[PDB]
$ cat work.cif   # mmCIF, C-alpha atoms and all ligand atoms
data_coords
loop_
_atom_site.label_atom_id
_atom_site.label_comp_id
_atom_site.auth_asym_id
_atom_site.auth_seq_id
_atom_site.Cartn_x
_atom_site.Cartn_y
_atom_site.Cartn_z
CA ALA A 1 -8.55 -55.98 39.63
CA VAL A 2 -9.32 -54.05 36.47
CA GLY A 3 -7.33 -56.19 34.03
CA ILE A 4 -4.33 -55.26 31.91
CA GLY A 5 -5.94 -55.93 28.53
CA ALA A 6 -8.27 -52.97 28.98
CA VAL A 7 -5.44 -50.48 29.42
CA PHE A 8 -3.72 -52.22 26.54
CA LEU A 9 -6.86 -51.39 24.56
CA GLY A 10 -6.96 -47.89 26.04
CA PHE A 11 -6.18 -44.68 24.23
CA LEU A 12 -2.52 -44.53 23.14
CA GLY A 13 -1.93 -47.71 25.13
CA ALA A 14 -0.04 -49.51 22.38
CA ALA A 15 2.48 -46.71 21.88
CA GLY A 16 5.24 -48.81 23.37
CA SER A 17 4.52 -52.11 21.65
CA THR A 18 5.80 -53.26 18.30
CA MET A 19 3.95 -51.95 15.28
CA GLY A 20 2.72 -55.40 14.27
CA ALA A 21 0.85 -55.76 17.53
CA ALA A 22 -0.09 -52.08 17.56
CA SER A 23 -1.94 -52.76 14.30
CA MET A 24 -4.62 -54.55 16.36
CA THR A 25 -6.01 -51.19 17.54
CA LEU A 26 -6.62 -48.00 15.62
CA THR A 27 -10.29 -47.25 16.24
CA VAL A 28 -9.77 -45.93 19.76
CA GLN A 29 -7.14 -43.49 18.51
CA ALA A 30 -9.40 -42.43 15.65
CA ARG A 31 -12.41 -41.98 17.93
CA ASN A 32 -10.52 -39.97 20.52
CA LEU A 33 -9.13 -37.84 17.73
CA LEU A 34 -12.50 -36.41 16.80
CA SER A 35 -14.57 -34.96 19.63
CA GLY A 36 -13.91 -36.80 22.87
CA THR A 58 -18.30 -14.54 27.99
CA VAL A 59 -14.91 -14.41 26.21
CA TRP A 60 -13.70 -17.95 26.85
CA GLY A 61 -16.12 -19.66 24.49
CA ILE A 62 -14.23 -17.96 21.65
CA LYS A 63 -11.09 -19.88 22.57
CA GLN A 64 -13.18 -23.01 23.11
CA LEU A 65 -14.74 -22.55 19.72
CA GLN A 66 -11.58 -22.00 17.71
CA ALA A 67 -10.05 -25.04 19.41
CA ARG A 68 -13.03 -27.16 18.35
CA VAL A 69 -12.99 -25.92 14.78
CA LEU A 70 -9.22 -26.36 14.57
CA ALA A 71 -9.72 -29.98 15.60
CA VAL A 72 -12.37 -30.57 12.97
CA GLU A 73 -10.27 -28.72 10.37
CA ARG A 74 -7.47 -31.18 11.11
CA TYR A 75 -9.89 -34.10 10.86
CA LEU A 76 -11.20 -32.93 7.51
CA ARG A 77 -7.66 -32.45 6.21
CA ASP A 78 -6.81 -36.04 7.06
CA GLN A 79 -10.06 -37.36 5.63
CA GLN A 80 -9.35 -35.42 2.44
CA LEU A 81 -5.83 -36.81 2.24
CA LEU A 82 -7.33 -40.25 2.42
CA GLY A 83 -10.11 -39.28 0.02
CA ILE A 84 -7.71 -38.22 -2.71
CA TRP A 85 -6.03 -41.52 -2.01
CA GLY A 86 -7.64 -44.83 -2.85
CA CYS A 87 -9.18 -45.55 0.53
CA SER A 88 -11.77 -43.52 2.39
CA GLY A 89 -13.10 -45.47 5.36
CA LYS A 90 -11.04 -48.65 5.17
CA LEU A 91 -8.45 -47.42 7.76
CA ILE A 92 -6.01 -50.06 6.43
CA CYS A 93 -5.06 -49.52 2.82
CA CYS A 94 -2.89 -50.70 -0.03
CA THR A 95 -1.69 -49.08 -3.23
CA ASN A 96 0.35 -49.70 -6.37
CA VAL A 97 3.73 -48.14 -5.66
CA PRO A 98 6.52 -50.44 -4.46
CA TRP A 99 8.66 -49.63 -1.46
CA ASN A 100 12.02 -48.13 -2.39
CA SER A 101 14.65 -50.06 -0.46
CA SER A 102 16.83 -46.93 -0.38
CA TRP A 103 14.28 -45.49 2.04
CA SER A 104 14.54 -48.16 4.72
CA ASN A 105 16.91 -51.08 3.85
CA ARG A 106 15.49 -52.96 6.83
CA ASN A 107 14.49 -56.60 6.98
CA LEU A 108 10.81 -57.39 6.60
CA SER A 109 10.79 -59.60 9.69
CA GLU A 110 12.43 -57.07 11.99
CA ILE A 111 10.21 -54.06 11.29
CA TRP A 112 6.96 -55.56 12.54
CA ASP A 113 8.34 -57.31 15.62
CA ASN A 114 11.18 -55.01 16.63
CA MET A 115 10.45 -51.31 16.34
CA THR A 116 7.92 -48.90 17.77
CA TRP A 117 6.00 -46.34 15.78
CA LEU A 118 7.92 -43.43 17.30
CA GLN A 119 11.32 -44.62 16.11
CA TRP A 120 9.74 -45.69 12.83
CA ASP A 121 8.50 -42.13 12.41
CA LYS A 122 11.90 -40.67 13.24
CA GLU A 123 13.47 -43.01 10.70
CA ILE A 124 11.16 -42.31 7.79
CA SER A 125 10.54 -38.68 8.73
CA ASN A 126 12.84 -37.30 6.03
CA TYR A 127 11.16 -39.30 3.27
CA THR A 128 7.97 -37.28 3.33
CA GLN A 129 5.92 -35.49 0.61
CA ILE A 130 7.59 -37.71 -1.97
CA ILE A 131 5.42 -40.67 -1.03
CA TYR A 132 2.36 -38.41 -0.79
CA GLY A 133 2.77 -37.16 -4.35
CA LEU A 134 3.56 -40.69 -5.49
CA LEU A 135 0.25 -41.93 -4.08
CA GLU A 136 -1.53 -39.04 -5.79
CA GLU A 137 0.16 -39.79 -9.13
CA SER A 138 -0.32 -43.56 -8.93
CA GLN A 139 -4.01 -43.44 -8.22
CA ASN A 140 -4.58 -40.63 -10.69
CA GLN A 141 -3.12 -43.01 -13.28
CA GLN A 142 -5.34 -45.72 -11.83
CA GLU A 143 -8.36 -43.44 -12.25
CA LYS A 144 -7.61 -42.78 -15.89
CA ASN A 145 -6.98 -46.50 -16.46
CA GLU A 146 -10.30 -47.41 -14.85
CA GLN A 147 -12.03 -44.72 -16.90
CA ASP A 148 -10.43 -46.17 -20.04
CA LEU A 149 -11.49 -49.72 -19.17
CA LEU A 150 -15.07 -48.69 -18.52
CA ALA A 151 -15.02 -46.48 -21.62
CA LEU A 152 -14.04 -49.31 -23.95
CA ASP A 153 -16.83 -51.40 -22.41
CA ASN B 107 3.74 41.84 17.22
CA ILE B 108 0.13 41.83 16.11
CA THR B 109 -1.12 43.01 12.75
CA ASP B 110 -4.42 44.83 13.21
CA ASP B 111 -5.75 43.70 9.82
CA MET B 112 -4.50 40.13 9.55
CA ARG B 113 -5.17 37.64 12.33
CA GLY B 114 -3.05 35.39 14.48
CA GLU B 115 -4.01 31.73 14.68
CA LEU B 116 -2.94 30.95 18.24
CA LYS B 117 -4.81 31.85 21.42
CA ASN B 118 -3.59 31.77 25.02
CA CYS B 119 -6.37 30.23 27.10
CA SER B 120 -6.31 30.03 30.90
CA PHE B 121 -8.98 28.14 32.81
CA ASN B 122 -9.90 26.23 35.93
CA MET B 123 -9.21 22.53 35.97
CA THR B 124 -9.48 19.71 38.47
CA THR B 125 -6.49 18.13 40.14
CA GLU B 126 -5.51 14.74 41.45
CA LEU B 127 -7.63 15.63 44.48
CA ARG B 128 -11.24 16.79 44.36
CA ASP B 129 -11.09 19.73 46.73
CA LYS B 130 -8.10 21.28 44.95
CA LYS B 131 -8.78 23.35 41.85
CA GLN B 132 -6.00 24.73 39.69
CA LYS B 133 -5.36 27.40 37.08
CA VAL B 134 -3.78 26.20 33.86
CA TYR B 135 -3.16 27.72 30.45
CA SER B 136 -2.43 26.41 26.99
CA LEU B 137 -2.57 27.45 23.35
CA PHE B 138 -5.22 26.67 20.77
CA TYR B 139 -5.88 27.43 17.14
CA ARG B 140 -8.63 29.87 16.18
CA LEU B 141 -10.54 27.09 14.47
CA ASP B 142 -11.44 25.16 17.63
CA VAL B 143 -12.77 27.83 19.98
CA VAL B 144 -15.79 30.08 19.59
CA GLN B 145 -17.01 33.12 21.46
CA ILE B 146 -19.74 32.95 24.07
CA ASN B 147 -21.60 35.91 25.51
CA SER B 157 -17.11 43.73 27.69
CA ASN B 158 -14.74 40.87 28.46
CA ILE C 264 5.53 17.40 -2.22
CA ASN C 265 7.18 18.89 0.82
CA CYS C 266 4.95 19.83 3.72
CA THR C 267 5.95 21.38 7.01
CA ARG C 268 4.99 23.27 10.07
CA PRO C 269 8.09 25.32 10.92
CA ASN C 270 7.03 26.18 14.47
CA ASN C 271 8.92 24.64 17.39
CA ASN C 272 6.36 23.07 19.68
CA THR C 273 6.49 22.18 23.36
CA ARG C 274 3.88 19.91 24.88
CA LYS C 275 2.71 20.02 28.47
CA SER C 276 1.16 17.24 30.52
CA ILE C 277 -1.92 18.09 32.57
CA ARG C 278 -3.22 15.64 35.13
CA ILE C 279 -6.99 15.71 34.95
CA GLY C 280 -7.78 13.41 37.84
CA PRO C 281 -6.64 10.19 39.47
CA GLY C 282 -4.28 8.50 37.04
CA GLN C 283 -5.52 10.65 34.17
CA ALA C 284 -3.49 12.60 31.65
CA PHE C 285 -3.88 15.35 29.08
CA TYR C 286 -1.51 16.96 26.62
CA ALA C 287 -1.63 20.59 25.59
CA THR C 288 0.39 23.08 23.57
CA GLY C 289 2.70 24.87 25.97
CA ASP C 290 5.30 27.36 24.85
CA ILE C 291 6.38 28.10 21.28
CA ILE C 292 10.08 28.82 20.96
CA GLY C 293 11.29 30.81 17.99
CA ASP C 294 9.63 32.55 15.07
CA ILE C 295 5.84 32.42 14.95
CA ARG C 296 5.44 31.13 11.42
CA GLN C 297 2.85 29.50 9.19
CA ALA C 298 2.63 25.94 7.93
CA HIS C 299 2.78 25.31 4.21
CA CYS C 300 3.54 22.93 1.37
CA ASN C 301 5.59 23.08 -1.82
CA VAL C 302 5.64 21.27 -5.14
CA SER C 303 7.91 21.52 -8.15
CA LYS C 304 6.69 23.93 -10.81
CA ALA C 305 7.72 22.32 -14.08
CA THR C 306 6.84 18.80 -12.98
CA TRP C 307 3.32 20.00 -12.17
CA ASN C 308 3.15 21.73 -15.55
CA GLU C 309 4.32 18.63 -17.42
CA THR C 310 1.96 16.30 -15.57
CA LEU C 311 -0.92 18.65 -16.28
CA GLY C 312 0.14 18.59 -19.92
CA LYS C 313 -0.04 14.80 -19.83
CA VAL C 314 -3.50 14.76 -18.28
CA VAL C 315 -4.78 17.37 -20.74
CA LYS C 316 -3.37 15.17 -23.51
CA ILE D 54 -3.54 -45.26 31.74
CA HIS D 55 0.02 -46.46 31.80
CA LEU D 56 2.40 -46.63 28.88
CA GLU D 57 5.38 -48.95 28.70
CA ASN D 58 8.88 -49.40 27.24
CA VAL D 59 8.80 -45.65 26.73
CA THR D 60 11.43 -42.92 26.99
CA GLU D 61 10.30 -39.30 26.85
CA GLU D 62 12.33 -36.18 27.56
CA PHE D 63 10.58 -33.50 29.61
CA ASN D 64 11.47 -29.98 30.64
CA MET D 65 9.74 -27.67 33.04
CA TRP D 66 11.81 -24.70 31.98
CA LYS D 67 11.10 -24.58 28.26
CA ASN D 68 7.60 -25.82 29.03
CA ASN D 69 4.58 -23.93 27.82
CA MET D 70 1.11 -23.94 29.55
CA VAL D 71 2.59 -22.03 32.43
CA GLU D 72 2.67 -19.05 30.07
CA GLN D 73 -0.96 -19.17 29.05
CA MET D 74 -1.94 -20.12 32.59
CA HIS D 75 -0.21 -16.98 33.83
CA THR D 76 -2.19 -15.22 31.11
CA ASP D 77 -5.50 -16.86 32.04
CA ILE D 78 -5.34 -16.23 35.77
CA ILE D 79 -4.73 -12.52 35.35
CA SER D 80 -7.42 -12.57 32.65
CA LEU D 81 -9.99 -14.08 35.00
CA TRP D 82 -8.73 -11.71 37.69
CA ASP D 83 -9.70 -8.81 35.43
CA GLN D 84 -12.98 -10.53 34.57
CA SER D 85 -13.68 -10.44 38.31
CA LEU D 86 -13.45 -6.64 38.44
CA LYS D 87 -15.56 -5.20 35.63
CA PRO D 88 -18.77 -5.77 37.66
CA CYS D 89 -17.15 -4.09 40.65
CA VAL D 90 -17.04 -0.44 41.67
CA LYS D 91 -14.54 2.36 41.04
CA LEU D 92 -13.32 4.75 43.73
CA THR D 93 -12.66 7.77 41.53
CA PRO D 94 -14.72 10.09 43.83
CA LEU D 95 -12.71 9.01 46.86
CA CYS D 96 -9.26 10.52 46.19
CA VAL D 97 -9.57 13.61 48.36
CA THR D 98 -7.86 15.59 51.13
CA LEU D 99 -7.73 13.48 54.30
CA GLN D 100 -7.69 14.92 57.81
CA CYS D 101 -5.91 12.10 59.58
CA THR D 102 -4.73 11.68 63.15
CA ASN D 103 -3.51 8.99 65.52
CA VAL D 104 -5.88 6.28 66.66
CA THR D 105 -7.09 6.33 70.27
CA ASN D 106 -4.32 4.44 72.06
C1 LIG E 1 -11.68 8.08 65.01
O1 LIG E 1 -11.76 9.48 65.09
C2 LIG E 1 -13.11 9.97 65.15
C3 LIG E 1 -13.03 11.47 65.06
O2 LIG E 1 -14.30 12.04 64.80
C4 LIG E 1 -13.78 9.46 66.42
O3 LIG E 1 -15.15 9.83 66.41
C5 LIG E 1 -15.50 10.56 67.61
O4 LIG E 1 -14.98 9.96 68.83
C6 LIG E 1 -15.36 10.64 70.04
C7 LIG E 1 -14.72 9.87 71.17
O5 LIG E 1 -14.82 8.47 70.95
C8 LIG E 1 -16.89 10.71 70.15
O6 LIG E 1 -17.26 11.43 71.32
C9 LIG E 1 -18.24 10.66 72.06
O7 LIG E 1 -19.52 10.74 71.43
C10 LIG E 1 -20.54 9.93 72.04
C11 LIG E 1 -21.79 10.00 71.18
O8 LIG E 1 -22.26 11.34 71.20
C12 LIG E 1 -20.77 10.43 73.47
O9 LIG E 1 -21.69 9.58 74.12
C13 LIG E 1 -19.44 10.43 74.25
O10 LIG E 1 -19.66 10.95 75.54
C14 LIG E 1 -19.00 10.10 76.48
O11 LIG E 1 -17.75 10.65 76.83
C15 LIG E 1 -17.80 11.96 77.44
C16 LIG E 1 -16.38 12.44 77.62
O12 LIG E 1 -16.41 13.54 78.52
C17 LIG E 1 -18.57 11.86 78.76
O13 LIG E 1 -18.67 13.15 79.33
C18 LIG E 1 -19.98 11.27 78.50
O14 LIG E 1 -20.67 11.12 79.73
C19 LIG E 1 -19.92 9.95 77.72
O15 LIG E 1 -19.44 8.97 78.63
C20 LIG E 1 -18.33 11.18 73.51
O16 LIG E 1 -18.70 12.54 73.53
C21 LIG E 1 -17.47 11.36 68.90
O17 LIG E 1 -18.89 11.38 68.95
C22 LIG E 1 -17.02 10.60 67.67
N1 LIG E 1 -17.58 11.18 66.47
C23 LIG E 1 -18.15 10.44 65.51
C24 LIG E 1 -18.69 11.20 64.33
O18 LIG E 1 -18.24 9.23 65.60
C25 LIG E 1 -13.69 7.94 66.49
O19 LIG E 1 -14.14 7.50 67.76
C26 LIG E 1 -12.26 7.45 66.27
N2 LIG E 1 -12.24 6.00 66.17
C27 LIG E 1 -11.16 5.27 66.44
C28 LIG E 1 -11.32 3.79 66.28
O20 LIG E 1 -10.11 5.77 66.81
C1 LIG E 2 -10.39 29.94 37.44
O1 LIG E 2 -11.16 29.67 38.60
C2 LIG E 2 -11.17 30.75 39.54
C3 LIG E 2 -11.91 30.24 40.75
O2 LIG E 2 -13.31 30.16 40.50
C4 LIG E 2 -11.84 31.98 38.91
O3 LIG E 2 -11.65 33.07 39.81
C5 LIG E 2 -12.86 33.74 40.17
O4 LIG E 2 -13.39 34.57 39.12
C6 LIG E 2 -14.54 35.36 39.48
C7 LIG E 2 -14.98 36.07 38.22
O5 LIG E 2 -13.90 36.22 37.31
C8 LIG E 2 -14.17 36.30 40.62
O6 LIG E 2 -15.28 37.11 41.00
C9 LIG E 2 -14.90 38.51 40.97
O7 LIG E 2 -13.77 38.78 41.82
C10 LIG E 2 -13.28 40.13 41.75
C11 LIG E 2 -12.03 40.22 42.60
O8 LIG E 2 -12.42 40.04 43.96
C12 LIG E 2 -14.39 41.09 42.23
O9 LIG E 2 -13.95 42.43 42.09
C13 LIG E 2 -15.68 40.87 41.40
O10 LIG E 2 -16.72 41.70 41.89
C14 LIG E 2 -16.10 39.39 41.40
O11 LIG E 2 -16.51 39.10 42.72
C15 LIG E 2 -13.68 35.47 41.80
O12 LIG E 2 -13.27 36.32 42.87
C16 LIG E 2 -12.49 34.60 41.38
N1 LIG E 2 -12.04 33.78 42.49
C17 LIG E 2 -10.76 33.44 42.67
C18 LIG E 2 -10.47 32.59 43.87
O13 LIG E 2 -9.88 33.79 41.89
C19 LIG E 2 -11.14 32.35 37.61
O14 LIG E 2 -11.89 33.36 36.94
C20 LIG E 2 -10.99 31.14 36.69
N2 LIG E 2 -10.22 31.49 35.49
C21 LIG E 2 -8.94 31.89 35.44
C22 LIG E 2 -8.41 32.17 34.07
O15 LIG E 2 -8.23 32.02 36.44
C1 LIG E 3 13.06 23.42 19.32
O1 LIG E 3 13.33 24.07 20.56
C2 LIG E 3 13.92 23.22 21.56
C3 LIG E 3 14.07 24.05 22.80
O2 LIG E 3 14.43 23.26 23.92
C4 LIG E 3 15.25 22.66 21.05
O3 LIG E 3 15.77 21.72 21.99
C5 LIG E 3 17.11 22.08 22.38
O4 LIG E 3 18.06 21.90 21.33
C6 LIG E 3 19.41 22.25 21.69
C7 LIG E 3 20.25 22.05 20.45
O5 LIG E 3 19.70 21.03 19.62
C8 LIG E 3 19.88 21.41 22.87
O6 LIG E 3 21.16 21.86 23.29
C9 LIG E 3 18.90 21.51 24.03
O7 LIG E 3 19.27 20.60 25.06
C10 LIG E 3 17.48 21.19 23.56
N1 LIG E 3 16.54 21.33 24.65
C11 LIG E 3 15.60 20.41 24.92
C12 LIG E 3 14.71 20.71 26.08
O8 LIG E 3 15.49 19.39 24.25
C13 LIG E 3 15.05 21.97 19.71
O9 LIG E 3 16.31 21.57 19.17
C14 LIG E 3 14.36 22.90 18.72
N2 LIG E 3 14.12 22.22 17.46
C15 LIG E 3 14.47 22.74 16.28
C16 LIG E 3 14.15 21.90 15.08
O10 LIG E 3 15.02 23.83 16.20
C1 LIG E 4 17.24 -36.93 7.75
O1 LIG E 4 17.68 -36.10 6.68
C2 LIG E 4 18.62 -35.09 7.07
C3 LIG E 4 18.89 -34.25 5.85
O2 LIG E 4 17.86 -34.43 4.88
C4 LIG E 4 19.88 -35.75 7.63
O3 LIG E 4 20.78 -34.75 8.09
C5 LIG E 4 19.51 -36.69 8.78
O4 LIG E 4 20.66 -37.41 9.20
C6 LIG E 4 18.43 -37.68 8.34
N1 LIG E 4 18.02 -38.52 9.45
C7 LIG E 4 18.08 -39.85 9.42
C8 LIG E 4 17.62 -40.56 10.65
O5 LIG E 4 18.49 -40.46 8.43
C1 LIG E 5 0.26 11.35 66.13
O1 LIG E 5 1.27 10.76 65.30
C2 LIG E 5 2.59 11.28 65.50
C3 LIG E 5 3.48 10.59 64.49
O2 LIG E 5 3.12 9.23 64.33
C4 LIG E 5 3.04 11.05 66.94
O3 LIG E 5 4.30 11.66 67.14
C5 LIG E 5 2.02 11.63 67.91
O4 LIG E 5 2.38 11.26 69.24
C6 LIG E 5 0.62 11.11 67.60
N1 LIG E 5 -0.37 11.65 68.53
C7 LIG E 5 -0.75 12.94 68.67
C8 LIG E 5 -1.80 13.19 69.70
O5 LIG E 5 -0.26 13.85 68.00
#

$ encode --input "work.cif" --output "structure tokens"
Amino acid sequence: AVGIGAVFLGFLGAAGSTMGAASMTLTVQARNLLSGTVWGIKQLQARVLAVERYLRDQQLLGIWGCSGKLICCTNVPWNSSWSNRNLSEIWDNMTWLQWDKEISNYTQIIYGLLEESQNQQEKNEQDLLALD
Amino acid sequence: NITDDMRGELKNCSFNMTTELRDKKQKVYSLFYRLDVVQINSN
Amino acid sequence: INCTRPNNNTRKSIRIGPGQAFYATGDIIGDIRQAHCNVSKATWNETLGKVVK
Amino acid sequence: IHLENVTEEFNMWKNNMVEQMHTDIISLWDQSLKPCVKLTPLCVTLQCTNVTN
């Protein structure tokens, strides 16, 4: 009597779907990430740990090319040695959990690559607006 | 063996003290250095 | 530097009240001696020569 | 809300949150005693006898 689309659009509802259809919701996850005599100490360090995490992720996006877009692109191609999966199968076959456990080794390479690529993009954009 | 001109630095002090129970008092002794007791005022 | 008290020392527990405790110097076994410290002579002389330099 | 096509391994034995709950309940238990009253003057010699029966 409540409808199934609402609990599809609920928090962490699309964890079991394919990633292509799970792309249709991120804002609920992002919103529920943020905020929604001795004990208040524990309360308070939990709250500031949560906002410390949120600022770390916002800074990792801020050093990257996209700040509030929530869906980004870049200028580094995907190394096929990382995945060697078909482009059709990844969006309609796998869930994010098994995608994470696949690509979980290839981490902190891609981070530094994004940093390097858009640092080079920053100096290129500075050069283009300097010649003009 | 006490030297009358030098001084020992340890004193044997016996005193009343409470017990586990209130109505019972006890007599206990210990040792202390000269530098933590002073004389109050024969005996 | 070496530093010691050469006296052998026994403690003694004294119950003050309910669930209380207190430690006190009980008996002293052996020679009633005096605590002291030692340093090496020539090292102290040489280090004082360095600081006077 | 329900979640689907999902396999998750659980364990109650290597689970946490029973540990800090066992901490927190004894913690609140001790928070419920600091306003209360000690009985340090009560430990005393007791003249006891059998009840009237
Ligand atoms: C626990 O032990 C205590 C010990 O002190 C006990 O308290 C005492 O009990 C006795 C008997 O119950 C009391 O004596 C009575 O006192 C009342 C009040 O003064 C009198 O009226 C009583 O007189 C009646 O009984 C007499 C017996 O000959 C009759 O002659 C008379 O006509 C009355 O009918 C009797 O003397 C005593 O006063 C108390 N003391 C205190 C301080 O309370 C207590 O009862 C015990 N409790 C339990 C649960 O075991
Ligand atoms: C430990 O506590 C006890 C108990 O209070 C102390 O003992 C009491 O000491 C006083 C004075 O020293 C005694 O009074 C004197 O007693 C003698 C002997 O009868 C009498 O001749 C004097 O005229 C005077 O009345 C008191 O009797 C004594 N009581 C008991 C039970 O011993 C004691 O001094 C405390 N200290 C030590 C180290 O024990
Ligand atoms: C200080 O004195 C105590 C007296 O008890 C010594 O302890 C004894 O040491 C001997 C030999 O080491 C043992 O056989 C006894 O069993 C010990 N008794 C106790 C009660 O422990 C202690 O060794 C002395 N310390 C020094 C440095 O001489
Ligand atoms: C991840 O990498 C480790 C070593 O780097 C390797 O042992 C493991 O098999 C890898 N996992 C996957 C799913 O490739
Ligand atoms: C008191 O207690 C003892 C032991 O419980 C019992 O033997 C005795 O009958 C009781 N009553 C009296 C009046 O002593």

$ interface_residues --input "work.cif" --of "chain B" --to "chain D" --cutoff "12 Å" --atoms "all atoms listed in the file" --output "PyMOL selection string"
chain B and resi 124-131

$ residues_around --input "work.cif" --residues "residue 85 (chain A)" --least-positions-apart "5" --cutoff "8 Å" --atoms "only C-alpha atoms" --output "VMD selection string"
chain A and resid 135 to 136 139

$ residues_near_ligand --input "work.cif" --ligand "ligand LIG 1 (chain E)" --cutoff "10 Å" --atoms "only C-alpha atoms and all ligand atoms" --output "PyMOL selection string"
chain D and resi 100-106

$ closest_atom_pairs --input "work.cif" --of "chain A" --to "chain D" --cutoff "9 Å" --atoms "only C-alpha atoms" --output "Markdown table"
| residue | atom | partner | partner_atom | distance |
| --- | --- | --- | --- | --- |
| A:7 | CA | D:54 | CA | 6.0 |
| A:8 | CA | D:56 | CA | 8.6 |
| A:10 | CA | D:54 | CA | 7.1 |
| A:11 | CA | D:54 | CA | 8.0 |
| A:12 | CA | D:56 | CA | 7.8 |
| A:13 | CA | D:56 | CA | 5.8 |
| A:14 | CA | D:56 | CA | 7.5 |
| A:15 | CA | D:56 | CA | 7.0 |
| A:16 | CA | D:57 | CA | 5.3 |
| A:17 | CA | D:58 | CA | 7.6 |

$ residues_near_ligand --input "work.cif" --ligand "ligand LIG 3 (chain E)" --cutoff "8 Å" --atoms "only C-alpha atoms and all ligand atoms" --output "PDB file with C-alpha atoms, in the coordinates of the input"
ATOM      1  CA  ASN C 271       8.920  24.640  17.390  1.00  0.00           C
ATOM      2  CA  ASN C 272       6.360  23.070  19.680  1.00  0.00           C
ATOM      3  CA  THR C 273       6.490  22.180  23.360  1.00  0.00           C
ATOM      4  CA  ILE C 292      10.080  28.820  20.960  1.00  0.00           C
ATOM      5  CA  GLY C 293      11.290  30.810  17.990  1.00  0.00           C
TER       6      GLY C 293
END

$ residues_around --input "work.cif" --residues "residue 139 (chain B)" --least-positions-apart "2" --cutoff "8 Å" --atoms "only C-alpha atoms" --output "JSON, numbers by chain"
{"B": [115, 116, 117, 137, 141, 142, 143]}

$ residues_near_ligand --input "work.cif" --ligand "ligand LIG 4 (chain E)" --cutoff "9 Å" --atoms "all atoms listed in the file" --output "PyMOL selection string"
chain A and resi 122-127

$ axis_aligned_box --input "work.cif" --around "region 129-146 of chain B" --padding-each-side "3 Å" --output "AutoDock Vina command-line options"
--center_x -11.1 --center_y 26.4 --center_z 30.6 --size_x 23.3 --size_y 19.4 --size_z 38.3

$ atom_distance --input "work.cif" --atom1 "CA of residue 130 (chain A)" --atom2 "CA of residue 74 (chain A)"
21.0 Å

$ atom_distance --input "work.cif" --atom1 "CA of residue 122 (chain B)" --atom2 "atom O13 of ligand LIG 2 (chain E)"
9.6 Å

$ atom_distance --input "work.cif" --atom1 "CA of residue 23 (chain A)" --atom2 "CA of residue 3 (chain A)"
20.7 Å

$ residues_near_point --input "work.cif" --point "(0.3, 17.7, 1.1)" --cutoff "10 Å" --atoms "only C-alpha atoms" --output "ChimeraX atom specification"
/C:264-267,299-302

$ residues_near_ligand --input "work.cif" --ligand "ligand LIG 2 (chain E)" --cutoff "7 Å" --atoms "all atoms listed in the file" --output "list in words"
residues 120, 121, 122 and 133 of chain B

$ closest_residue --input "work.cif" --among "D:91, D:68, D:62, D:99" --to "chain C" --atoms "all atoms listed in the file"
D:91

$ residues_around --input "work.cif" --residues "residue 116 (chain A)" --least-positions-apart "3" --cutoff "9 Å" --atoms "all atoms listed in the file" --output "count of residues only"
12

$ interface_residues --input "work.cif" --of "chain C" --to "chain B" --cutoff "6 Å" --atoms "only C-alpha atoms" --output "PyMOL selection string"
chain C and resi 279-281+288-289
